[PDB]
$ cat entry_18.csv   # CSV, N, CA and C atoms and all ligand atoms
chain,number,residue,atom,x,y,z
A,1,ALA,N,279.5,157.5,178.6
A,1,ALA,CA,278.6,157.1,179.7
A,1,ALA,C,277.4,157.9,179.7
A,2,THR,N,276.2,157.3,180.0
A,2,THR,CA,275.0,158.0,180.1
A,2,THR,C,274.5,157.8,181.5
A,3,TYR,N,274.2,158.9,182.2
A,3,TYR,CA,274.0,158.9,183.6
A,3,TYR,C,272.6,159.3,184.0
A,4,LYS,N,272.2,158.8,185.1
A,4,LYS,CA,270.8,159.1,185.6
A,4,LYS,C,270.9,160.3,186.4
A,5,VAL,N,270.0,161.3,186.0
A,5,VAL,CA,270.0,162.5,186.7
A,5,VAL,C,268.6,162.6,187.3
A,6,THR,N,268.4,162.7,188.6
A,6,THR,CA,267.1,162.9,189.2
A,6,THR,C,266.9,164.4,189.4
A,7,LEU,N,265.8,165.0,188.8
A,7,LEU,CA,265.5,166.4,189.1
A,7,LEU,C,264.4,166.6,190.1
A,8,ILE,N,264.7,167.2,191.2
A,8,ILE,CA,263.7,167.5,192.2
A,8,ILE,C,263.3,168.9,192.2
A,9,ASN,N,262.0,169.2,191.8
A,9,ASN,CA,261.4,170.5,191.8
A,9,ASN,C,260.4,170.7,193.0
A,10,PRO,N,259.9,171.9,193.2
A,10,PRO,CA,259.1,172.2,194.4
A,10,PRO,C,258.0,171.2,194.7
A,11,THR,N,257.3,170.8,193.6
A,11,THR,CA,256.2,169.9,193.8
A,11,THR,C,256.3,168.4,193.5
A,12,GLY,N,257.4,168.0,192.8
A,12,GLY,CA,257.7,166.5,192.4
A,12,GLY,C,259.0,166.2,191.9
A,15,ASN,N,259.2,165.0,191.3
A,15,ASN,CA,260.5,164.6,190.8
A,15,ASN,C,260.5,163.7,189.6
A,16,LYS,N,261.6,163.8,188.8
A,16,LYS,CA,261.7,163.1,187.5
A,16,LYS,C,263.1,162.7,187.3
A,17,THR,N,263.3,161.4,186.9
A,17,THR,CA,264.6,160.9,186.5
A,17,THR,C,264.7,160.9,184.9
A,18,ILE,N,265.8,161.3,184.4
A,18,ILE,CA,266.1,161.3,183.0
A,18,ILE,C,267.5,160.7,182.8
A,19,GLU,N,267.8,160.2,181.6
A,19,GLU,CA,269.2,159.7,181.3
A,19,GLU,C,269.9,160.7,180.5
A,20,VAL,N,271.0,161.3,181.1
A,20,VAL,CA,271.7,162.4,180.5
A,20,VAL,C,273.1,161.8,180.1
A,21,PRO,N,273.4,161.8,178.7
A,21,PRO,CA,274.7,161.5,178.2
A,21,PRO,C,275.7,162.4,178.9
A,22,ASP,N,277.0,162.0,179.0
A,22,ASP,CA,278.0,162.8,179.8
A,22,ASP,C,278.6,163.9,179.1
A,23,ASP,N,278.2,164.2,177.8
A,23,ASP,CA,278.7,165.3,177.0
A,23,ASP,C,277.5,166.2,176.6
A,24,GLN,N,276.4,166.1,177.3
A,24,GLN,CA,275.3,167.0,177.2
A,24,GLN,C,275.0,167.7,178.5
A,25,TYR,N,274.7,169.0,178.5
A,25,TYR,CA,274.4,169.8,179.7
A,25,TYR,C,273.1,169.3,180.3
A,26,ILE,N,273.0,169.3,181.6
A,26,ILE,CA,271.8,168.9,182.3
A,26,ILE,C,270.6,169.6,181.8
A,27,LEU,N,270.8,170.9,181.6
A,27,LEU,CA,269.7,171.8,181.0
A,27,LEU,C,269.2,171.3,179.6
A,28,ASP,N,270.2,171.2,178.7
A,28,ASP,CA,269.8,170.7,177.3
A,28,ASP,C,269.0,169.4,177.4
A,29,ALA,N,269.5,168.4,178.1
A,29,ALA,CA,268.8,167.1,178.2
A,29,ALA,C,267.5,167.2,178.9
A,30,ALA,N,267.4,168.0,179.9
A,30,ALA,CA,266.1,168.3,180.6
A,30,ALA,C,265.0,168.8,179.6
A,31,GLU,N,265.4,169.8,178.8
A,31,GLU,CA,264.4,170.3,177.9
A,31,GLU,C,264.0,169.3,176.8
A,32,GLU,N,265.0,168.6,176.2
A,32,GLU,CA,264.8,167.5,175.4
A,32,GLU,C,263.8,166.5,175.9
A,33,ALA,N,263.7,166.4,177.2
A,33,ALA,CA,262.7,165.5,177.8
A,33,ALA,C,261.4,166.1,178.2
A,34,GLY,N,261.2,167.4,177.7
A,34,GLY,CA,260.0,168.1,178.0
A,34,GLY,C,259.9,168.8,179.4
A,35,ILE,N,261.1,168.8,180.1
A,35,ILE,CA,261.1,169.5,181.4
A,35,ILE,C,261.5,171.0,181.2
A,36,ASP,N,260.7,171.8,181.8
A,36,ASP,CA,261.0,173.3,181.8
A,36,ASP,C,261.7,173.8,183.1
A,37,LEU,N,262.9,174.1,182.9
A,37,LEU,CA,263.7,174.6,184.0
A,37,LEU,C,263.9,176.1,183.7
A,38,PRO,N,264.3,176.9,184.8
A,38,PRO,CA,264.6,178.3,184.5
A,38,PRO,C,266.0,178.5,183.9
A,39,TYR,N,266.1,179.5,183.0
A,39,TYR,CA,267.4,179.8,182.4
A,39,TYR,C,267.5,181.3,182.0
A,40,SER,N,268.7,181.8,181.7
A,40,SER,CA,268.8,183.1,181.3
A,40,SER,C,269.9,183.2,180.3
A,41,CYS,N,271.2,183.4,180.8
A,41,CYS,CA,272.3,183.5,179.9
A,41,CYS,C,272.7,182.2,179.1
A,42,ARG,N,272.5,181.1,179.8
A,42,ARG,CA,272.9,179.8,179.3
A,42,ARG,C,274.4,179.7,179.0
A,43,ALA,N,275.2,180.3,179.8
A,43,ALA,CA,276.6,180.4,179.5
A,43,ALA,C,277.5,180.4,180.8
A,44,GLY,N,276.9,180.1,181.9
A,44,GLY,CA,277.6,179.8,183.2
A,44,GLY,C,277.9,181.1,183.9
A,45,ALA,N,277.2,182.2,183.6
A,45,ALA,CA,277.5,183.5,184.0
A,45,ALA,C,276.4,184.3,184.9
A,46,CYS,N,275.3,183.6,185.2
A,46,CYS,CA,274.3,184.1,186.1
A,46,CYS,C,273.8,183.0,187.1
A,47,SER,N,272.7,183.3,187.8
A,47,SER,CA,272.3,182.4,188.9
A,47,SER,C,271.0,181.7,188.6
A,48,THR,N,270.3,182.3,187.5
A,48,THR,CA,268.9,181.8,187.1
A,48,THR,C,268.7,180.3,187.0
A,49,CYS,N,269.7,179.5,186.7
A,49,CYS,CA,269.5,178.1,186.3
A,49,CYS,C,270.1,177.2,187.4
A,50,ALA,N,270.5,177.8,188.6
A,50,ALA,CA,271.2,177.1,189.6
A,50,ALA,C,270.3,175.9,190.2
A,51,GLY,N,271.0,174.9,190.6
A,51,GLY,CA,270.4,173.8,191.3
A,51,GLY,C,271.3,173.5,192.4
A,52,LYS,N,271.0,172.4,193.1
A,52,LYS,CA,271.7,172.0,194.3
A,52,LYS,C,271.9,170.5,194.3
A,53,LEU,N,273.2,170.1,194.1
A,53,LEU,CA,273.4,168.6,194.2
A,53,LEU,C,273.2,168.1,195.6
A,54,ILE,N,272.5,167.0,195.6
A,54,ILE,CA,272.2,166.3,196.9
A,54,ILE,C,273.0,165.1,197.0
A,55,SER,N,273.3,164.5,195.8
A,55,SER,CA,274.1,163.3,195.6
A,55,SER,C,274.6,163.2,194.2
A,56,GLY,N,275.7,162.5,194.0
A,56,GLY,CA,276.4,162.3,192.7
A,56,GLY,C,277.4,163.4,192.4
A,57,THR,N,277.9,163.5,191.2
A,57,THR,CA,278.8,164.5,190.8
A,57,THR,C,278.5,165.1,189.4
A,58,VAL,N,278.9,166.4,189.2
A,58,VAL,CA,278.9,167.0,187.9
A,58,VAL,C,280.2,167.6,187.6
A,59,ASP,N,280.5,167.8,186.3
A,59,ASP,CA,281.6,168.6,185.8
A,59,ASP,C,281.0,169.9,185.3
A,60,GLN,N,281.2,171.0,186.0
A,60,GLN,CA,280.7,172.4,185.5
A,60,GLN,C,281.9,173.3,185.4
A,61,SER,N,283.0,172.8,184.7
A,61,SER,CA,284.2,173.5,184.5
A,61,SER,C,284.0,174.7,183.6
A,62,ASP,N,282.9,174.7,182.8
A,62,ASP,CA,282.6,175.8,182.0
A,62,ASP,C,281.9,177.0,182.7
A,63,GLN,N,281.7,176.9,184.0
A,63,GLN,CA,281.0,177.9,184.8
A,63,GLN,C,282.0,178.9,185.3
A,64,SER,N,281.4,180.1,185.6
A,64,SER,CA,282.3,181.2,186.1
A,64,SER,C,281.7,182.0,187.2
A,65,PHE,N,280.4,181.8,187.4
A,65,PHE,CA,279.6,182.6,188.4
A,65,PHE,C,279.8,182.1,189.9
A,66,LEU,N,279.8,180.8,190.1
A,66,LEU,CA,279.9,180.2,191.4
A,66,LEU,C,281.3,180.3,192.0
A,67,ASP,N,281.4,180.8,193.3
A,67,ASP,CA,282.7,180.9,194.0
A,67,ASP,C,283.1,179.5,194.6
A,68,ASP,N,284.3,179.3,194.9
A,68,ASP,CA,284.8,178.1,195.5
A,68,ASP,C,284.0,177.5,196.7
A,69,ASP,N,283.2,178.3,197.4
A,69,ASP,CA,282.3,177.9,198.5
A,69,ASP,C,280.9,177.5,198.1
A,70,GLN,N,280.3,178.3,197.1
A,70,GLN,CA,279.1,177.8,196.6
A,70,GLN,C,279.2,176.4,195.9
A,71,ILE,N,280.3,176.3,195.1
A,71,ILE,CA,280.6,174.9,194.6
A,71,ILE,C,280.7,173.8,195.6
A,72,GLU,N,281.6,174.0,196.7
A,72,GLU,CA,281.8,173.0,197.6
A,72,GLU,C,280.5,172.6,198.3
A,73,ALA,N,279.7,173.6,198.6
A,73,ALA,CA,278.3,173.4,199.2
A,73,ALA,C,277.3,172.8,198.2
A,74,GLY,N,277.7,172.5,197.0
A,74,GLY,CA,276.9,171.8,196.0
A,74,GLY,C,276.0,172.6,195.0
A,75,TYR,N,276.2,173.9,194.8
A,75,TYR,CA,275.5,174.5,193.8
A,75,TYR,C,276.0,174.2,192.4
A,76,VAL,N,275.1,174.2,191.4
A,76,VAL,CA,275.4,173.8,190.1
A,76,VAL,C,274.6,174.8,189.1
A,77,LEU,N,275.3,175.2,188.1
A,77,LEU,CA,274.6,176.0,187.1
A,77,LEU,C,274.3,175.0,186.0
A,78,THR,N,273.0,174.6,186.0
A,78,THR,CA,272.6,173.5,185.2
A,78,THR,C,272.8,173.6,183.7
A,79,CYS,N,272.8,174.9,183.2
A,79,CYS,CA,273.0,175.2,181.8
A,79,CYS,C,274.4,174.8,181.4
A,80,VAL,N,275.4,174.8,182.3
A,80,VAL,CA,276.8,174.4,182.0
A,80,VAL,C,277.4,173.1,182.6
A,81,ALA,N,276.5,172.3,183.3
A,81,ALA,CA,277.1,171.1,184.0
A,81,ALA,C,276.8,169.9,183.3
A,82,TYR,N,277.8,169.1,183.1
A,82,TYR,CA,277.7,167.7,182.7
A,82,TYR,C,277.7,166.8,183.9
A,83,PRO,N,276.8,165.8,183.9
A,83,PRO,CA,276.9,164.8,185.0
A,83,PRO,C,278.2,164.0,184.9
A,84,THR,N,278.8,163.7,186.0
A,84,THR,CA,279.9,162.7,186.1
A,84,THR,C,279.6,161.4,186.8
A,85,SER,N,278.3,161.3,187.2
A,85,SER,CA,277.8,160.0,187.8
A,85,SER,C,276.2,160.2,187.9
A,86,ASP,N,275.5,159.1,188.3
A,86,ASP,CA,274.1,159.2,188.6
A,86,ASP,C,274.0,160.3,189.6
A,87,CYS,N,273.2,161.3,189.5
A,87,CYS,CA,273.1,162.3,190.5
A,87,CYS,C,271.7,162.8,190.8
A,88,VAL,N,271.6,163.6,191.8
A,88,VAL,CA,270.3,164.1,192.2
A,88,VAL,C,270.5,165.6,192.5
A,89,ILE,N,269.6,166.4,191.9
A,89,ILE,CA,269.8,167.8,192.0
A,89,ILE,C,268.4,168.5,192.3
A,90,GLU,N,268.4,169.3,193.3
A,90,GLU,CA,267.2,170.1,193.6
A,90,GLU,C,267.3,171.3,192.7
A,91,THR,N,266.3,171.6,191.8
A,91,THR,CA,266.4,172.7,190.9
A,91,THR,C,265.6,173.9,191.4
A,92,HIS,N,265.5,175.0,190.6
A,92,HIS,CA,265.0,176.3,191.1
A,92,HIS,C,265.6,176.8,192.4
A,93,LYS,N,267.0,176.8,192.4
A,93,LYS,CA,267.7,177.3,193.6
A,93,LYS,C,268.4,178.6,193.4
A,94,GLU,N,267.9,179.4,192.4
A,94,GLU,CA,268.4,180.7,192.0
A,94,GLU,C,268.6,181.7,193.2
A,95,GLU,N,267.6,181.8,194.1
A,95,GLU,CA,267.6,182.8,195.1
A,95,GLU,C,268.5,182.5,196.3
A,96,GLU,N,268.9,181.2,196.5
A,96,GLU,CA,269.9,180.9,197.5
A,96,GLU,C,271.3,181.6,197.2
A,97,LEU,N,271.4,182.1,195.9
A,97,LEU,CA,272.5,182.9,195.5
A,97,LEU,C,272.0,184.4,195.4
B,1,LIG,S1,271.4,180.4,182.8
B,1,LIG,FE1,273.0,181.8,183.5
B,1,LIG,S2,274.3,180.4,184.5
B,1,LIG,FE2,272.9,179.0,183.6

$ encode --input "entry_18.csv" --output "structure tokens" --more "lines below"
Ligand code: FES
Amino acid sequence: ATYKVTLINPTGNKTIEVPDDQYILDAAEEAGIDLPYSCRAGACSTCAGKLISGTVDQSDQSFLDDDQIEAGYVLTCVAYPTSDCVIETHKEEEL
């Protein structure tokens, strides 16, 4: 499956089609979108986003606790989309 991911940043928004076995971050860059990143391994906060709608699989992540997750945070470097979704990006400091 290839899923629509809408990325909302401070000043505007962009939809991209992300295959379900590619990380949101990887696809974003592939599309010329510059997101923040650091470790790229699910172990810091630098790349975090916030799901507003849809679902992701970020099973490869280790930084977010069970309540950051439930509240919708996502480490975009390690998340695959599991449906069309919408994510507010540059959410690092909320952690
Ligand atoms: S860049 Fe460190 S968690 Fe994604």

$ closest_residue --input "entry_18.csv" --among "A:18, A:87, A:97, A:54" --to "ligand LIG 1 (chain B)" --atoms "only C-alpha atoms and all ligand atoms"
A:97

$ residues_near_ligand --input "entry_18.csv" --ligand "ligand LIG 1 (chain B)" --cutoff "9 Å" --atoms "only C-alpha atoms and all ligand atoms" --output "number ranges by chain"
A: 27, 38-50, 63-66, 76-81

$ atom_distance --input "entry_18.csv" --atom1 "atom N of residue 35 of chain A" --atom2 "atom CA of residue 16 of chain A"
9.4 Å

$ residues_near_point --input "entry_18.csv" --point "(271.6, 167.3, 193.5)" --cutoff "6 Å" --atoms "only N, CA and C atoms" --output "number ranges by chain"
A: 52-55, 87-90

$ select_by_dssp --input "entry_18.csv" --residues "segment 8-92 of chain A" --states "helix (DSSP H, G or I)" --output "number ranges by chain"
A: 26-32, 68-72

$ closest_residue --input "entry_18.csv" --among "A:67, A:59, A:72, A:23" --to "residue 3 of chain A" --atoms "all atoms listed in the file"
A:23

$ residues_around --input "entry_18.csv" --residues "residue 58 of chain A" --least-positions-apart "4" --cutoff "6 Å" --atoms "only C-alpha atoms" --output "MDAnalysis selection string"
chainID A and resid 81:84

$ closest_residue --input "entry_18.csv" --among "A:4, A:31, A:94, A:36" --to "residue 19 of chain A" --atoms "only N, CA and C atoms"
A:4

$ atom_distance --input "entry_18.csv" --atom1 "atom N of residue 24 of chain A" --atom2 "atom C of residue 10 of chain A"
25.8 Å

$ atom_distance --input "entry_18.csv" --atom1 "atom N of residue 96 of chain A" --atom2 "atom CA of residue 57 of chain A"
20.2 Å

$ select_by_dssp --input "entry_18.csv" --residues "chain A" --states "strand (DSSP E)" --output "ChimeraX atom specification"
/A:2-8,15-21,50-55,58-59,75-77,82-83,87-90

$ closest_residue --input "entry_18.csv" --among "A:85, A:92, A:70, A:21" --to "residue 51 of chain A" --atoms "all atoms listed in the file"
A:92

$ decode --input "entry_18.csv" --residues "segment 21-32 of chain A" --atoms "N, CA, C and O atoms" --output "compact mmCIF listing (two decimals), in the first residue's frame"
# COMPACT_ATOMS: atom_id res chain seq x y z
N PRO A 21 5.05 5.00 0.29
CA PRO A 21 4.88 3.54 0.34
C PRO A 21 4.95 3.09 1.79
O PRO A 21 5.59 3.79 2.58
N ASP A 22 4.30 1.99 2.15
CA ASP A 22 4.16 1.61 3.57
C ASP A 22 5.39 0.86 4.18
O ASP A 22 5.36 0.38 5.33
N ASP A 23 6.44 0.73 3.40
CA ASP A 23 7.70 0.15 3.85
C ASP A 23 8.87 1.17 3.71
O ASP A 23 10.07 0.81 3.74
N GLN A 24 8.51 2.45 3.61
CA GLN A 24 9.48 3.53 3.62
C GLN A 24 9.14 4.49 4.76
O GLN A 24 7.99 4.85 4.95
N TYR A 25 10.15 4.89 5.51
CA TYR A 25 10.02 5.85 6.60
C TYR A 25 9.53 7.21 6.15
O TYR A 25 9.98 7.70 5.12
N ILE A 26 8.65 7.83 6.92
CA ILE A 26 8.12 9.15 6.55
C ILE A 26 9.24 10.13 6.21
O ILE A 26 9.14 10.86 5.22
N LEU A 27 10.30 10.09 7.00
CA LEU A 27 11.47 10.92 6.77
C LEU A 27 12.14 10.64 5.42
O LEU A 27 12.27 11.56 4.61
N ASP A 28 12.56 9.41 5.18
CA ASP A 28 13.10 9.01 3.86
C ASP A 28 12.28 9.50 2.66
O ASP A 28 12.84 10.08 1.74
N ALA A 29 10.97 9.25 2.66
CA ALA A 29 10.10 9.71 1.55
C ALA A 29 10.04 11.21 1.46
O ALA A 29 10.08 11.76 0.36
N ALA A 30 9.93 11.88 2.61
CA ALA A 30 9.92 13.34 2.63
C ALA A 30 11.12 13.92 1.91
O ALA A 30 10.97 14.81 1.06
N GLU A 31 12.30 13.42 2.22
CA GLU A 31 13.52 13.96 1.63
C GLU A 31 13.56 13.70 0.13
O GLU A 31 13.87 14.59 -0.65
N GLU A 32 13.25 12.46 -0.24
CA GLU A 32 13.06 12.03 -1.61
C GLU A 32 12.18 13.02 -2.38
O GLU A 32 12.38 13.21 -3.57
